[PDB]
Amino acid sequence: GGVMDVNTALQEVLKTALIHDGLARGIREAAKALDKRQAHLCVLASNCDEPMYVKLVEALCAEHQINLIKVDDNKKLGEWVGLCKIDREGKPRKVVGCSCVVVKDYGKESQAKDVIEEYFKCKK
Amino acid sequence: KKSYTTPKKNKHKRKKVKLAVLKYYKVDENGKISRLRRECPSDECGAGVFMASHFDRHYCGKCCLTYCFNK
Amino acid sequence: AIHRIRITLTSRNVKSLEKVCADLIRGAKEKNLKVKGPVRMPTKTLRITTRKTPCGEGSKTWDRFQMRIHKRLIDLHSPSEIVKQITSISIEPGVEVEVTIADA
Amino acid sequence: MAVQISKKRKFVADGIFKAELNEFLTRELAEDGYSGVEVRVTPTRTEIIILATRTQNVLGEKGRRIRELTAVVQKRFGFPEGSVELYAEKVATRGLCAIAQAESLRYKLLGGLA
Amino acid sequence: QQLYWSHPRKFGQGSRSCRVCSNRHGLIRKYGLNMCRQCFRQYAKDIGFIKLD
Amino acid sequence: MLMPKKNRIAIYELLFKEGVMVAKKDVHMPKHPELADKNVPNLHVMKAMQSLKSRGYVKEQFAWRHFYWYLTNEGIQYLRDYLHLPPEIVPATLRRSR
């Protein structure tokens, strides 16, 4: 799908990761996911909350599994999630920012999911 | 058969207080993570959840009939 | 080998029963399987004696219902193959049959 | 797969299956001109001959409805799988079929008519 | 929620139920009934019986 | 809850496979034997089908203390997208009846 741009890459995660049921949305679930070895990826987003989690997420990535990505504008990743599953990512019924997501083995390991992460890891 | 007569109490379900969330992990320097109280030791517990710092009582909330230390 | 094979019939209708017994006694005696006749067993009474009135009121009345089952069995002694072949076919009505390996 | 119940109880359980079905069907095939059934167990197979006047509406396009009905019975009475086999039948001379004549009058009336 | 919802029903008139809708009151067991006397009558025509006496 | 998110799937997936569901009217069923295997300790089948029925997508008969839910075309489309299944799969049935 993607061309290994940062923005279209995190979209490719969420599609097959949904089927894999790897999404640990919210800071508490993200923490428990990454304190476990189930996680393989961490993504953060612009501050809408306290200045504590921005520090802590780097601290957890340090000790356990380094993998972090930072992409601003919480509303992007907030839009990409549904309220259950696919059927409207527009949706004025509810849309709200995730502010952080953690994914387990970055979802299914298949096509371009593998390449997007391997592209980042060797340069970081 | 006939209609209910007045009480002088009734209250249904408690509102399960609206506490501030995750301060359970303490950061003073990086990459160090300063954990407080021990994370739960059971096989069926994942040990990614915290145990209660509830002193004079020490209890896993994931458990719901078992594993209550108190000292 | 030649085994004493018992063809039990059981029914609730005396016409439907008896003619299907006759068919199996002809077809057996035709082939000289040394067939032994029907052994008619006592007909049994299911009785139900219950109220005729729901929500009892008025003169007290009842109602006798009855079902009559019938049993009878023909004993053959012949190879089990040709029996189990011919038995299960040539039955028009809703009448049950139970084949037994041996009894004697 | 055994043993097997008393001969007295054998007939009662058959009657319960004969009766329950006959009221199950009447609540679905009412508009299709239902007229009864006739059950027959056959060697290693069940036959349930679903008598109704117009087999058209019973069948449906690609046999959907007959497929629904067979799958129902296969789960409900706990039949051994694939033993159940349905068949349909059209009756000729429909005015001696009181059950269907009464239930046709019903929809004529409930349709809104004098 | 709750830690109870039930209490021993193992015998008596409450641990068997009749097939009208789970109706009772009208205690019934006979020859494998589990079948309600009001509806038994309506199944006089249906199979199990035909009246002859 | 109302019921877990595991036990939803196990009903909605099972319905998709047979094309039909059936159950009994009880509230003391301990684990619901007679398929959905040993993971429904309560209503759950009846309670989830009723909500589904409110929004169409299924028909329901009831006769002698037994439900009978008949899946329909509209619900097949819904369930197909809801469970992220191929654009043409029906494993319930698909053949001509002779």
# chains A, B, ... in the order shown; residues from 1 in each chain; ligands from 1
call {"tool": "select_by_dssp", "arguments": {"residues": "chain C", "states": "helix (DSSP H, G or I)", "output": "ChimeraX atom specification"}}
result
/C:14-29,80-87
call {"tool": "residues_around", "arguments": {"residues": "residue 91 of chain F", "least_positions_apart": "2", "cutoff": "10 Å", "atoms": "only C-alpha atoms", "output": "ChimeraX atom specification"}}
result
/F:16-19,88-89,93-94
call {"tool": "residues_around", "arguments": {"residues": "segment 17-28 of chain E", "least_positions_apart": "3", "cutoff": "12 Å", "atoms": "only C-alpha atoms", "output": "PyMOL selection string"}}
result
(chain C and resi 50-51+54-55) or (chain D and resi 16+20) or (chain E and resi 9+11-14+31-40) or (chain F and resi 24-27+62-66)
call {"tool": "write_last_selection", "arguments": {"atoms": "N, CA and C atoms", "output": "compact mmCIF listing (two decimals), in the first residue's frame"}}
result
# COMPACT_ATOMS: atom_id res chain seq x y z
N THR C 50 -58.79 -38.77 33.79
CA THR C 50 -58.52 -37.42 34.19
C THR C 50 -59.77 -36.61 33.96
N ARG C 51 -59.81 -35.38 34.53
CA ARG C 51 -60.91 -34.45 34.46
C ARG C 51 -61.24 -34.07 33.05
N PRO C 54 -61.69 -28.25 32.64
CA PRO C 54 -60.66 -27.36 33.17
C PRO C 54 -61.33 -26.41 34.13
N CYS C 55 -60.67 -26.13 35.29
CA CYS C 55 -61.09 -25.15 36.26
C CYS C 55 -62.39 -25.55 36.90
N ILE D 16 -45.12 -37.27 20.87
CA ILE D 16 -44.63 -35.95 21.20
C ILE D 16 -43.90 -35.32 20.03
N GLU D 20 -45.56 -31.90 18.27
CA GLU D 20 -44.78 -30.67 18.35
C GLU D 20 -44.48 -30.07 17.00
N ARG E 9 -33.44 -26.40 44.64
CA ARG E 9 -34.65 -26.95 44.08
C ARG E 9 -34.15 -28.23 43.50
N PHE E 11 -36.24 -31.31 44.52
CA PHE E 11 -37.39 -32.14 44.67
C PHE E 11 -38.50 -31.17 44.95
N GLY E 12 -39.75 -31.67 44.99
CA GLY E 12 -40.90 -30.83 45.25
C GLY E 12 -41.52 -30.40 43.97
N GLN E 13 -42.45 -29.43 44.10
CA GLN E 13 -43.38 -29.03 43.08
C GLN E 13 -42.85 -27.88 42.27
N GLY E 14 -41.61 -27.43 42.59
CA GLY E 14 -41.01 -26.26 42.02
C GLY E 14 -39.84 -26.64 41.17
N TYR E 31 -46.39 -41.62 33.34
CA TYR E 31 -45.89 -42.41 32.23
C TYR E 31 -44.95 -41.64 31.33
N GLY E 32 -44.21 -40.65 31.89
CA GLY E 32 -43.60 -39.61 31.10
C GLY E 32 -44.59 -38.68 30.46
N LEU E 33 -45.35 -37.90 31.27
CA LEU E 33 -46.20 -36.83 30.78
C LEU E 33 -45.26 -35.66 30.56
N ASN E 34 -45.14 -34.79 31.60
CA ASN E 34 -44.59 -33.45 31.52
C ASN E 34 -45.44 -32.65 30.58
N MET E 35 -46.78 -32.86 30.66
CA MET E 35 -47.71 -32.39 29.67
C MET E 35 -48.96 -32.12 30.43
N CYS E 36 -49.54 -30.95 30.13
CA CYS E 36 -50.53 -30.23 30.87
C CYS E 36 -51.89 -30.71 30.48
N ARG E 37 -52.76 -30.96 31.49
CA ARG E 37 -53.99 -31.70 31.31
C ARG E 37 -55.00 -31.02 30.42
N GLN E 38 -55.01 -29.66 30.42
CA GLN E 38 -55.80 -28.83 29.54
C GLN E 38 -55.47 -28.97 28.08
N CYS E 39 -54.19 -29.28 27.76
CA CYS E 39 -53.67 -29.33 26.41
C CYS E 39 -53.62 -30.74 25.94
N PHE E 40 -53.42 -31.71 26.86
CA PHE E 40 -53.63 -33.13 26.69
C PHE E 40 -54.95 -33.45 26.02
N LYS F 24 -33.55 -22.42 24.21
CA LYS F 24 -34.62 -22.76 25.11
C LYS F 24 -34.80 -21.56 25.99
N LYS F 25 -35.96 -21.47 26.67
CA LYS F 25 -36.32 -20.37 27.53
C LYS F 25 -36.02 -20.82 28.93
N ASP F 26 -34.90 -20.32 29.51
CA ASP F 26 -34.45 -20.64 30.85
C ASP F 26 -33.62 -19.47 31.29
N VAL F 27 -33.29 -19.41 32.60
CA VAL F 27 -32.40 -18.41 33.16
C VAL F 27 -31.55 -19.09 34.20
N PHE F 62 -41.33 -19.05 17.79
CA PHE F 62 -41.30 -19.52 19.15
C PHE F 62 -42.40 -20.53 19.23
N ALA F 63 -42.11 -21.73 19.78
CA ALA F 63 -43.10 -22.77 19.81
C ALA F 63 -42.64 -23.81 20.78
N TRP F 64 -43.50 -24.07 21.80
CA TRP F 64 -43.32 -25.03 22.87
C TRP F 64 -42.00 -24.90 23.59
N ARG F 65 -41.71 -23.66 24.06
CA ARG F 65 -40.60 -23.32 24.92
C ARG F 65 -39.29 -23.43 24.18
N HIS F 66 -39.27 -23.07 22.88
CA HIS F 66 -38.07 -23.11 22.08
C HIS F 66 -38.16 -22.04 21.05
call {"tool": "closest_atom_pairs", "arguments": {"of": "chain D", "to": "chain E", "cutoff": "9 Å", "atoms": "only C-alpha atoms", "output": "CSV"}}
result
residue,atom,partner,partner_atom,distance
D:8,CA,E:31,CA,8.2
D:9,CA,E:31,CA,7.1
D:11,CA,E:48,CA,7.1
D:12,CA,E:48,CA,6.0
D:13,CA,E:32,CA,8.6
D:14,CA,E:48,CA,8.0
D:15,CA,E:48,CA,4.9
D:16,CA,E:48,CA,7.7
D:18,CA,E:47,CA,6.7
D:19,CA,E:46,CA,6.3
call {"tool": "atom_distance", "arguments": {"atom1": "atom CA of residue 71 of chain F", "atom2": "atom CA of residue 57 of chain F"}}
result
6.6 Å
call {"tool": "interface_residues", "arguments": {"of": "chain F", "to": "chain D", "cutoff": "7 Å", "atoms": "only C-alpha atoms", "output": "list in words"}}
result
residues 20, 22, 63, 95, 96 and 97 of chain F
call {"tool": "residues_around", "arguments": {"residues": "residue 84 of chain C", "least_positions_apart": "2", "cutoff": "12 Å", "atoms": "only C-alpha atoms", "output": "ChimeraX atom specification"}}
result
/C:5-7,24,76,78-82,86-89,97-101 /D:43
call {"tool": "select_by_dssp", "arguments": {"residues": "chain C", "states": "strand (DSSP E)", "output": "VMD selection string"}}
result
chain C and resid 2 to 11 36 to 40 45 to 51 62 to 68 70 to 79 96 to 100
call {"tool": "atom_distance", "arguments": {"atom1": "atom CA of residue 70 of chain D", "atom2": "atom CA of residue 52 of chain F"}}
result
23.1 Å
call {"tool": "atom_distance", "arguments": {"atom1": "atom CA of residue 4 of chain C", "atom2": "atom CA of residue 35 of chain C"}}
result
10.0 Å
call {"tool": "decode", "arguments": {"residues": "segment 65-84 of chain A", "atoms": "N, CA and C atoms", "output": "JSON list (two decimals), in the first residue's frame"}}
result
[["chain", "number", "residue", "atom", "x", "y", "z"],
["A", 65, "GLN", "N", 11.76, -2.67, 25.23],
["A", 65, "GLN", "CA", 11.71, -2.85, 23.80],
["A", 65, "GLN", "C", 11.69, -1.48, 23.20],
["A", 66, "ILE", "N", 12.77, -1.10, 22.47],
["A", 66, "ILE", "CA", 12.88, 0.21, 21.86],
["A", 66, "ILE", "C", 12.26, 0.11, 20.49],
["A", 67, "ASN", "N", 11.34, 1.05, 20.17],
["A", 67, "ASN", "CA", 10.47, 0.89, 19.03],
["A", 67, "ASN", "C", 9.73, 2.16, 18.73],
["A", 68, "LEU", "N", 9.96, 3.25, 19.52],
["A", 68, "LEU", "CA", 9.05, 4.37, 19.63],
["A", 68, "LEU", "C", 8.97, 5.15, 18.33],
["A", 69, "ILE", "N", 7.80, 5.80, 18.08],
["A", 69, "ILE", "CA", 7.59, 6.70, 16.97],
["A", 69, "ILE", "C", 6.77, 7.80, 17.57],
["A", 70, "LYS", "N", 6.94, 9.05, 17.07],
["A", 70, "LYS", "CA", 6.23, 10.21, 17.52],
["A", 70, "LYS", "C", 5.70, 10.83, 16.26],
["A", 71, "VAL", "N", 4.37, 11.05, 16.20],
["A", 71, "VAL", "CA", 3.73, 11.69, 15.08],
["A", 71, "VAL", "C", 2.69, 12.57, 15.71],
["A", 72, "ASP", "N", 2.71, 13.88, 15.37],
["A", 72, "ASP", "CA", 1.90, 14.89, 16.02],
["A", 72, "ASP", "C", 0.51, 14.85, 15.44],
["A", 73, "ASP", "N", -0.42, 15.61, 16.07],
["A", 73, "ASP", "CA", -1.80, 15.81, 15.68],
["A", 73, "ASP", "C", -2.60, 14.58, 16.01],
["A", 74, "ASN", "N", -3.03, 14.50, 17.29],
["A", 74, "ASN", "CA", -3.79, 13.44, 17.91],
["A", 74, "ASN", "C", -5.04, 13.03, 17.15],
["A", 75, "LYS", "N", -5.64, 13.99, 16.41],
["A", 75, "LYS", "CA", -6.87, 13.81, 15.68],
["A", 75, "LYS", "C", -6.73, 12.88, 14.51],
["A", 76, "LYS", "N", -5.51, 12.70, 13.95],
["A", 76, "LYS", "CA", -5.26, 11.79, 12.85],
["A", 76, "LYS", "C", -5.49, 10.36, 13.25],
["A", 77, "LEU", "N", -4.68, 9.84, 14.21],
["A", 77, "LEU", "CA", -4.85, 8.53, 14.80],
["A", 77, "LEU", "C", -6.17, 8.35, 15.52],
["A", 78, "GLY", "N", -6.72, 9.44, 16.12],
["A", 78, "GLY", "CA", -8.05, 9.46, 16.70],
["A", 78, "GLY", "C", -9.16, 9.20, 15.71],
["A", 79, "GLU", "N", -9.00, 9.68, 14.45],
["A", 79, "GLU", "CA", -9.95, 9.49, 13.38],
["A", 79, "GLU", "C", -9.92, 8.07, 12.88],
["A", 80, "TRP", "N", -8.71, 7.46, 12.82],
["A", 80, "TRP", "CA", -8.47, 6.16, 12.23],
["A", 80, "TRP", "C", -9.16, 5.03, 12.96],
["A", 81, "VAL", "N", -9.41, 5.20, 14.28],
["A", 81, "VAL", "CA", -10.12, 4.22, 15.08],
["A", 81, "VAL", "C", -11.60, 4.43, 14.94],
["A", 82, "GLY", "N", -12.37, 3.31, 15.03],
["A", 82, "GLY", "CA", -13.81, 3.31, 14.97],
["A", 82, "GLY", "C", -14.36, 3.43, 16.36],
["A", 83, "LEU", "N", -15.56, 2.83, 16.57],
["A", 83, "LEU", "CA", -16.16, 2.68, 17.88],
["A", 83, "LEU", "C", -16.26, 1.22, 18.19],
["A", 84, "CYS", "N", -16.08, 0.37, 17.15],
["A", 84, "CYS", "CA", -16.01, -1.05, 17.29],
["A", 84, "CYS", "C", -14.99, -1.47, 16.28]]
